[PDB]
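Colleague: Following this message is one structure expressed as structure tokens.
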Amino acid sequence: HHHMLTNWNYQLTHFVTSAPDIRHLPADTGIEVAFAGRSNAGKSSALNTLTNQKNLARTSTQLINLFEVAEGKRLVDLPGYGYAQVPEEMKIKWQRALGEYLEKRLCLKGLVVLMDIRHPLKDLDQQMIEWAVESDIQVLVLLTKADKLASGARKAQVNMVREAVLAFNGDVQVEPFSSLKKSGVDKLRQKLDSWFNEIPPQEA
Amino acid sequence: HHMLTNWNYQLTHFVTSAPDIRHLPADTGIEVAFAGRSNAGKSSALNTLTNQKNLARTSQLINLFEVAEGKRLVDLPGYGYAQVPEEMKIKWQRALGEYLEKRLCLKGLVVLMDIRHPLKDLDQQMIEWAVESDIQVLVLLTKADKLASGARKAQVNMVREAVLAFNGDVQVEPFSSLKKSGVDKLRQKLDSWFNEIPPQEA
Ligand SMILES: Nc1nc2c(ncn2[C@@H]2O[C@H](COP(=O)(O)OP(=O)(O)O)[C@@H](O)[C@H]2O)c(=O)[nH]1
Ligand SMILES: Nc1nc2c(ncn2[C@@H]2O[C@H](COP(=O)(O)OP(=O)(O)O)[C@@H](O)[C@H]2O)c(=O)[nH]1
Numbered sequence: 090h091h092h093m094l095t096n097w098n099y100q101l102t103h104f105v106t107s108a109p110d111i112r113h114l115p116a117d118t119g120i121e122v123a124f125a126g127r128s129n130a131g132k133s134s135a136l137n138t139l140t141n142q143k144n145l146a147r148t149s150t151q152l153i154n155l156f157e158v159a160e161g162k163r164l165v166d167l168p169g170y171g172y173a174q175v176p177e178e179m180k181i182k183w184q185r186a187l188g189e190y191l192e193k194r195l196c197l198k199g200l201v202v203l204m205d206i207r208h209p210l211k212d213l214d215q216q217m218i219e220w221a222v223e224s225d226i227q228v229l230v231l232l233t234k235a236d237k238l239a240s241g242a243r244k245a246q247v248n249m250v251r252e253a254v255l256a257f258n259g260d261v262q263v264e265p266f267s268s269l270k271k272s273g274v275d276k277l278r279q280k281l282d283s284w285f286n287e288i289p290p291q292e293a
Numbered sequence: 006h007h008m009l010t011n012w013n014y015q016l017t018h019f020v021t022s023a024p025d026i027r028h029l030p031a032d033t034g035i036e037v038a039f040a041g042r043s044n045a046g047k048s049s050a051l052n053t054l055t056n057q058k059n060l061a062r063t064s065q066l067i068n069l070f071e072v073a074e075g076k077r078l079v080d081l082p083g084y085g086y087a088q089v090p091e092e093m094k095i096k097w098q099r100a101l102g103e104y105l106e107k108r109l110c111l112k113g114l115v116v117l118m119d120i121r122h123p124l125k126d127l128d129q130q131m132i133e134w135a136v137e138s139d140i141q142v143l144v145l146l147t148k149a150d151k152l153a154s155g156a157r158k159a160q161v162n163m164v165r166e167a168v169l170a171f172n173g174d175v176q177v178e179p180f181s182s183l184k185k186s187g188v189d190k191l192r193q194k195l196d197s198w199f200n201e202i203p204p205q206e207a
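Protein sequence lines correspond, in order, to chains A and B. Mind the numbering: the first sequence is residues 90 to 293 in the numbering used here, read in order. Mind the numbering: the second sequence is residues 6 to 207 in the numbering used here, read in order.
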């Protein structure tokens with residue numbers, strides 16, 4: 090029996106813990122893939138769709154939610170940005186905390202940035218991609234709510250964003266996604282499988 | 006707007022069995038059939054796809070499973086009838102061909118074969134019947150974990166070259182139920198086939 094690319098079962102992903110900040114994250118070991126986006130972009134719906142769970146994050150918030158796909162393989166749900174009607178001091182603090190996670194989390198292997206296909210690359214979207222590429226993290230951009238566009242317009246948006254992300258000095262993949270129509274889940278699973286194939290040498 | 010749906014194969018459930026195509030349910034919706042030599046790894050592949058230990062069984066019945074309303078996986082009884090009388094062998098081989106040629110709702114055939122010994126016994130006849138009936142084929146080279154990466158790729162390339170001889174659409178992929186590898190390729194093919202809704206049912 091020889092090594093092969095594993096297709097992990099994301100429907101067995103389960104909640105393990107939350108953290109109020111990076112100082113209270115679990116040990117910086119294994120593999121993490123992070124998810125981020127503007128509030129309301131569709132991040133919780135995408136995670137719910139990927140894992141076939143109705144309310145994966147157990148929401149009843151700046152909490153970081155962590156989920157295990159398997160031992161040592163975690164999805165990290167970063168609190169949505171934008172911060173409607175928030176004081177400038179808190180906004181800067183919360184934005185910096187996202188950057189600190191991307192730059193200092195040694196077990197981080199990929200970042201999924203979710204953004205509405207109709208309004209991509211707004212608010213902290215570009216800064217999140219830039220921080221990831223500076224830290225040698227591969228990025229998957231999911232253009233969410235892709236069911237709101239007809240096929241021609243959908244492809245035009247995907248192409249526009251693919252052209253735009255060439256300006257980042259790193260590896261940025263762009264895919265349309267719809268939680269509502271359960272479309273694009275395959276592209277997400279393929280990216281996750283590629284990232285969870287990269288076992289830390291000191292743990293293998 | 007319409008999009009390519011990624012169906013949840015882990016929710017697949019058993020619907021019915023049938024001894025022959027005359028006792029199958031209504032010839033509507035979409036079926037994708039699975040076939041291979043006995044012991045090639047067909048039940049393991051279906052059980053891996055669906056994350057179920059005993060959905061597909063192995064000890065001449067056709068077994069039908071439903072992914073969603075109108076979308077079915079069809080488990081055809083394995084061929085390579087060791088020590089079966091020649092009369093029964095011919096009849097059971099003909100029954101497989103009759104299903105492929107006469108099932109109007111059939112949209113794809115998955116032929117599973119050991120990566121070490123592809124295209125043996127009824128393998129080529131199953132592919133040929135499918136292409137003659139304008140059915141797309143996915144060949145899964147099973148037990149691919151038994152080969153190192155170089156030899157695995159060499160077998161895949163050799164089978165890809167060989168299936169050019171069939172006058173149809175034949176995709177070839179390595180697969181391992183043991184290592185849970187190649188499941189994405191299978192899901193992609195199934196999703197593509199289940200995207201093709203019969204016009205009279207849309
Ligand atoms: N049309 C459509 N609406 C979506 C989709 N995903 C999310 N939404 C809607 O967008 C809103 C915010 O989604 P949610 O997942 O809670 O966003 P989050 O704040 O980023 O976690 C809700 O009204 C969802 O129903 C999608 O794929 N298609
Ligand atoms: N190494 C390995 N063995 C496998 C794989 N799939 C099936 N087998 C073994 O091959 C035998 C036959 O598999 P099975 O799925 O029962 O075959 P079927 O008769 O075609 O349904 C069993 O001993 C399986 O454990 C695989 O991917 N890798």
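Every residue, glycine too, gets a C-beta built ideally from N, C-alpha and C.
Quick one: complete alpha helix (DSSP H) runs, 4+ long, within the segment 149-232 of chain A?
Modeller: Qualifying alpha helix (DSSP H) stretches, in chain order: 177-193 and 214-223.
Colleague: For residue 295 of chain A, go through chain B and note every residue whose CB falls closer than 9 Å to its CB, in chain order.
Modeller: A question about residue 295 of chain A goes unanswered here, because the residues of chain A that appear run from 90 up to 293.
Colleague: Since residue 59 of chain B meets chain A, which of its residues come closer than 8 Å, beta carbon to beta carbon?
Modeller: The contacting residues do not exist; residue 59 of chain B stays about 17 Å from chain A at best.
Colleague: Determine which residues share a DSSP beta bridge with residue 109 of chain A and list them.
Modeller: Residue 109 of chain A is not bridged to any residue.
Colleague: If you draw a straight line from the C-alpha of residue 40 of chain B to the C-alpha of residue 279 of chain A, how long is it?
Modeller: Distance between the alpha carbons of residue 40 of chain B and residue 279 of chain A is about 26 Å.
Colleague: Is residue 224 of chain A near ligand 1, with its Cβ less than 6 Å from a heavy atom?
Modeller: Every heavy atom of ligand 1 is 6 Å or more from the Cβ of residue 224 of chain A, so no.
Colleague: Express the C-alpha separation of residue 242 of chain A and residue 72 of chain B in angstroms, rounding to a whole number.
Modeller: Taking the straight line from one Cα to the other gives about 31 Å.
Colleague: Please report the Cβ distance between residue 259 of chain A and residue 212 of chain A, rounded to the nearest whole angstrom; I am assuming they are in contact, meaning their Cβ atoms lie under 8 Å.
Modeller: Going by Cβ atoms, the distance from residue 259 of chain A to residue 212 of chain A rounds to 20 Å, so no, they are not a contact pair.
Colleague: The segment 231-249 of chain A: which residues have C-beta closer than 8 Å to a C-beta of chain B, in chain order?
Modeller: Within the segment 231-249 of chain A, the residues whose Cβ lies closer than 8 Å to some Cβ of chain B are 235, 236, 237, 238, 239, 240 and 243, listed in chain order.
Colleague: Please name the residue or residues paired with residue 125 of chain A in a DSSP beta bridge.
Modeller: For residue 125 of chain A, which the question treats as bridged, DSSP gives the partners A:202.
Colleague: Taking Cβ positions, are residue 197 of chain A and residue 121 of chain A nearer each other than 7 Å?
Modeller: Contact: yes.
Colleague: Would you kindly report the start and end of the unbroken beta strand (DSSP E) that includes residue 261 of chain A?
Modeller: Start and end: 261-265.
Colleague: For residue 274 of chain A, return the contacting residues in chain B, with the cut-off set at a CB-CB distance below 7 Å.
Modeller: Residues of chain B passing the Cβ test: 11.
Colleague: Tell me whether residue 199 of chain B sits in a helix, a strand or coil according to DSSP, three-state version.
Modeller: Residue 199 of chain B falls in the coil class under three-state DSSP.
Colleague: Based on Cα-Cα distance, which residue from A:285, A:267, A:284 and A:286 lies nearest to residue 132 of chain A?
Modeller: When each option's Cα is compared against that of residue 132 of chain A, the closest is A:267.
Colleague: Taking only beta carbons into account, state which residues of the segment 177-208 of chain A come closer than 9 Å to chain B, listed in chain order.
Modeller: Within the segment 177-208 of chain A, no residue qualifies.
Colleague: Tell me whether residue 133 of chain A sits in a helix, a strand or coil according to DSSP, three-state version.
Modeller: Note: residue 133 of chain A maps to helix in three-state DSSP.
Colleague: So the candidates are B:149, B:163 and B:164; which of them puts its Cα closest to the Cα of residue 93 of chain A?
Modeller: Among B:149, B:163 and B:164, the Cα nearest to that of residue 93 of chain A belongs to B:149.
Colleague: Is residue 119 of chain B a contact residue of ligand 2, with contact defined as CB to any heavy atom under 6 Å?
Modeller: Flag unset: Cβ of residue 119 of chain B not near ligand 2.
Colleague: Nearest to residue 265 of chain A by alpha carbon, out of A:293, A:206, A:290 and A:239?
Modeller: Per the Cα distances, A:206.
Colleague: Which residues end up in the neighbourhood of ligand 1 when you take C-beta atoms closer than 6 Å to any of its heavy atoms?
Modeller: Spelled out in chain order, the answer is A:126, A:128, A:129, A:130, A:131, A:132, A:133, A:134, A:169, A:233, A:234, A:236, A:237, A:267, A:268 and A:269.
Colleague: Consider the Cβ of residue 194 of chain B: report whether some Cβ of chain A lies at a distance smaller than 7 Å.
Modeller: Residue 194 of chain B does not count as touching chain A.
Colleague: Using the Cβ count rule (16 or more neighbours within 10 Å means buried), how would you classify residue 166 of chain A?
Modeller: Residue 166 of chain A should be labelled buried.
Colleague: Is the segment 142-154 of chain A close to the segment 102-112 of chain A, with three or more CB pairs under 8 Å?
Modeller: The segment 142-154 of chain A, when compared against the segment 102-112 of chain A, does touch it at the 8 Å Cβ threshold.
Colleague: Which residue marks the beginning of the alpha helix (DSSP H) containing residue 182 of chain B, and which one marks its end?
Modeller: Unbroken run through residue 182 of chain B: none, as it is neither H nor E.
Colleague: Using 7 Å as the threshold, is the C-beta distance between residue 130 of chain A and residue 238 of chain A below it?
Modeller: No; because the gap between Cβ atoms is not below 7 Å, this pair is not in contact.
Colleague: Looking at the strands, I want to know which residues DSSP matches up with residue 171 of chain B.
Modeller: Residue 171 of chain B pairs with nothing; no bridge assigned.
Colleague: Nearest CA to the CA of residue 54 of chain B: which residue from B:83, B:139, B:17 and B:43?
Modeller: Considering only alpha carbons, the answer is B:17.
Colleague: Measure the Cβ-Cβ separation of residue 199 of chain A and residue 161 of chain A and say whether it is below 7 Å.
Modeller: Going by C-beta atoms, residue 199 of chain A is not nearer than 7 Å to residue 161 of chain A.
Colleague: Report the rounded CA-to-CA distance for residue 127 of chain A versus residue 148 of chain A, giving the unit in angstroms.
Modeller: Approximately 17 Å between the Cα atoms of the pair.
Colleague: Closer than 9 Å, Cβ to any Cβ of chain A: which residues of the segment 66-86 of chain B, in chain order?
Modeller: Flagged: no residues at all.
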